[PDB]
Amino acid sequence: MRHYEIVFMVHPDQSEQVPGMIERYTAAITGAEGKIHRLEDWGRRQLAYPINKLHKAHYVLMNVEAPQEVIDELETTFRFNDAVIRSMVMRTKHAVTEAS
Amino acid sequence: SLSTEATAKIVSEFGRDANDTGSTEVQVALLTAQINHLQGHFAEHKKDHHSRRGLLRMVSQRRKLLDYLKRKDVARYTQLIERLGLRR
Amino acid sequence: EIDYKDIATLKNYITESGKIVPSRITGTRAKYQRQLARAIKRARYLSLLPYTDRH
Amino acid sequence: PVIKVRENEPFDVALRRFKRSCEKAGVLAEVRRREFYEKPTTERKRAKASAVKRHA
Amino acid sequence: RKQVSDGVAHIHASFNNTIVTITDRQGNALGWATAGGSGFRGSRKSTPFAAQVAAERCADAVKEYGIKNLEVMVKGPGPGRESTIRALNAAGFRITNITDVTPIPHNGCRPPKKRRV
RNA sequence: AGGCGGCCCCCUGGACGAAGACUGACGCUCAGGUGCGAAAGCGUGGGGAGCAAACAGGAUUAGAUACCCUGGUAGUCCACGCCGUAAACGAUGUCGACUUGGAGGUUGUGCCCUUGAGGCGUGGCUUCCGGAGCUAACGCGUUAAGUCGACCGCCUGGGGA
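Residue numbers (the numbering used here), protein chains in the order written: chain H, 53 to 152; chain A, 2 to 89; chain B, 545 to 599; chain L, 8 to 63; chain C, 2 to 118.
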C-alpha cells in the first residue's frame, strides 16, 4: 500500500475544529485498513503575506498508510472544506515519523 | 494501468501457480487486463493519444504473443485467444 | 526545499522583493532547488513566501 | 516595495543603494523582454548564443 | 498643504526619460515630475543630470505639503534612477533603506525581437 | 526521437548498482508492411494578455511598397483531423568483437578506523587533452574519422531540375 504525506492547515479562526477534524480522518484511515504514522499539531503559524487576506495561520500535518481512494476520498473533504485551504501529498518511500 | 494486486491476479491463473509470470498468459491476461483499462481511460478523454501510443503496443504486443502462442502449442494456444476473447 | 512548511529557511532563497533568488548564488543541490519552487509557487496559496512589499 | 526614511540619514548615502536595489534584476532591462515580439527560437539560440558566450 | 511629513517619490526612469512621482502612503499621488518634462528633448531627455534636474523640478512642489519623510521607488535601468535620487539628496532628506520593486515575470509574455537597425 | 523544466495524484514508459533461480541459440538485420512523428497553416467548436502577417498611419531616401516610430488582421491558449515536411547535425546507418593514453563530471555501488569532507574497486553515461593510426587535409583519434563479423541504405561532371 502506498504511503503519503498529508499536510493541511486549519485557519487560526478555525483552531478549535482540529481535534474534531482529525479524528474523523483517524476514522477515515482506520476504516480503510490503513493507519496513522505521524500526527502533529504545529499550532498556529505566521505567514509573511496574506492569502488574499490575513497573515499567520494554524498548521496540521499527518502521514497515512492507506489506499488511494481514502487518499482520494480524503482529498474530497478538503476541497469542500473551506476551513482547510490546502493539503498536498508528497512521496511514499516507506513511512517515517521524526524531525520537527 | 494495472495495480500490483491486480498484476498478481493474472500471473497465478494464467500461469503455473502464482509463480509462472513468464507464461505468455500472464502477460496477455495482464495485457488483456490492460487494454480494457486504457480502453476505459481511452473511452474517456480520447485526448490521451500519445498514451494511446501506449495503447497500441498492448494491442500489437497482444497480437505478437498470441501469434507466438500459435506455433508453440495450439492446444494451449486455442485456450487463451478464446480465453482472451479476440479474433473472429 | 524539502517541504513548504519551513518558510524560515525557504526565505534565504528569496530576495527581499519575493522573487526566488537563483540557487546558483545560493548553491544547493540541483534537485533541491526544485523542491524550493514546489514549496513556493503552488504553496503561495498557503502564504509561504511573500510576493513583495506593496500593500 | 517600501524604501523607507530614517532619522538623520542623508539621501546621498542610499543613492548608491537605490540603483543597487533593482540592478539585481533591472526593471527596464527585463522590460526589454516585453517591448517587442520575439520568437522562442530566439531565446533558445539566445540561450545557445549566450551559452557559448558563457564558456570562458 | 495639509501637512503630511511622510510622502513618496515614485521614480520612473525611462530609457528616454526619468519621471518621478510624489505620493502619500495610501498611494494617492501628491506630485509628479519628469526629466523630459524639464527641458531636454530627444537625446538630452535621457541623461542623468536630466534626471538630476527632473528631481530638482520634482523635488519642488511636493514639500509645499510640508512633507518631512518620503519612501522612494526605484525603477529600471537608464539615465535616471541615479541622478534624480542625487538631486533629491540636495534638499537634506532622510531615507532608511531602498528595496527592489522589480516585477519579475516567471515566463510570461513572448519576448521582444531586437531592433533590426 | 522530435521533443521534455513553476507545484501535486493515476497510470506509463524506458533506463542503470549487488547477489540468488529460471530456459536454453529462443539471435541481428528487414523489401514490402506497420506507428510515431520539430515548426507553420488550415478545417471544424471555444477562447481570447501579448501582441504581430497581411493591411492603416508617421519618418529616410532621388527614390524606401523596408529598415526607424503608432496601429494593426490572422494566429499564438482548451476539443477533433489533415497536412508528415525542416541546418529533425555530432553534416557520423544499424548490430557484435579488438586497441597506447592523458586528464575531469555525474550517476550506482563494495571496500577503508569516513580515524574527516577522504583512500582503495566494482558499472553507466558524459566533459576536455591526445599514442597509434589514418585522412586531401582539415583533424579524428577506446563513444574511432585505427583493426575485424551480418543486414539495410545510397552516388556516378555543371546547368537544365
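We put the beta carbon where it would ideally sit given N, CA and C, even for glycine.
Check                                                                                                                                                     : Outcome
For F41(C), return the contacting residues in chain L, with the cut-off set at a CB-CB distance below 8 angstroms.                                        : Residues of chain L passing the Cβ test: none, with the nearest at roughly 18 angstroms.
Report the rounded CA-to-CA distance for residue 34(H) versus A80(H), giving the unit in angstroms.                                                       : Since the first residue shown for chain H is 53 and the last is 152, residue 34(H) is missing from the structure and cannot be characterised.
Does the beta carbon of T35(C) sit closer than 7 angstroms to a beta carbon anywhere in chain B?                                                          : no
Give me the Cα-Cα distance between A135(H) and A56(C), rounded to the nearest whole angstrom.                                                             : 50 angstroms
I believe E117(H) touches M53(H) by the beta-carbon criterion, under 8 angstroms. Please report the beta-carbon distance rounded to the nearest angstrom. : 6 angstroms
I'd like to know if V9(L) contacts chain C, where contact means its C-beta is closer than 7 angstroms to some C-beta of that chain.                       : yes
Less than 6 angstroms between the CB of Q69(H) and some heavy atom of the ligand COA, yes or no?                                                          : The ligand COA is not part of this structure, which contains no ligands at all.
What's the call for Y548(B), buried or exposed, on a 16-neighbour Cβ count within 10 Å?                                                                   : buried
At a cut of 8 angstroms, does the region 75-91 of chain C reach the region 36-51 of chain C through at least three beta carbon pairs?                     : yes
DSSP state of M142(H), grouped into three classes?                                                                                                        : strand
If the cut is a Cβ gap below 9 angstroms, which residues of chain L does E57(C) touch?                                                                    : Under the 9 angstroms cutoff, chain L gives no residues; its nearest Cβ is about 13 angstroms from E57(C).
Work out the CA separation of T149(H) and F15(A) for me, nearest whole Å.                                                                                 : 41 angstroms
Whose C-beta lies closer than 8 angstroms to the C-beta of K46(C) among residues of the same chain, with five residues either side of it excluded?        : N17, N18, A36 and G37
Going by other Cβ atoms of all chains shown within 10 Å of its Cβ, with 16 needed for buried, is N556(B) buried or exposed?                               : exposed
Please classify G562(B) as buried or exposed, where buried requires at least 16 other C-beta atoms within 10 Å of its C-beta.                             : buried
Out of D65(H), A100(H), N115(H) and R97(H), which one is the CA nearest neighbour of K145(H)?                                                             : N115(H)
Is the region 94-109 of chain C close to the region 12-28 of chain L, with three or more CB pairs under 8 angstroms?                                      : yes
In this structure, does DSSP put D7(C) in helix, strand or coil?                                                                                          : strand
Where do the ends of the beta strand (DSSP E) carrying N70(C) lie?                                                                                        : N70 to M74
Please list, in chain order, the residues of the region 551-579 of chain B that have any C-beta partner in chain C closer than 9 angstroms.               : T559, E560, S561, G562, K563 and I564
Please report the distance separating the alpha-carbon of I105(C) from that of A32(L).                                                                    : 8 angstroms
So, are the CB atoms of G77(C) and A14(C) less than 7 angstroms apart?                                                                                    : yes
Please tell me whether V70(H) and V112(H) are closer than 7 angstroms, where the distance is taken between their beta carbons.                            : yes
Indicate whether at least one CB of chain L lies closer than 7 angstroms to the CB of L89(C).                                                             : yes
Rounded to a whole number of angstroms, what is the C-alpha to C-alpha distance between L39(A) and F132(H)?                                               : 30 angstroms
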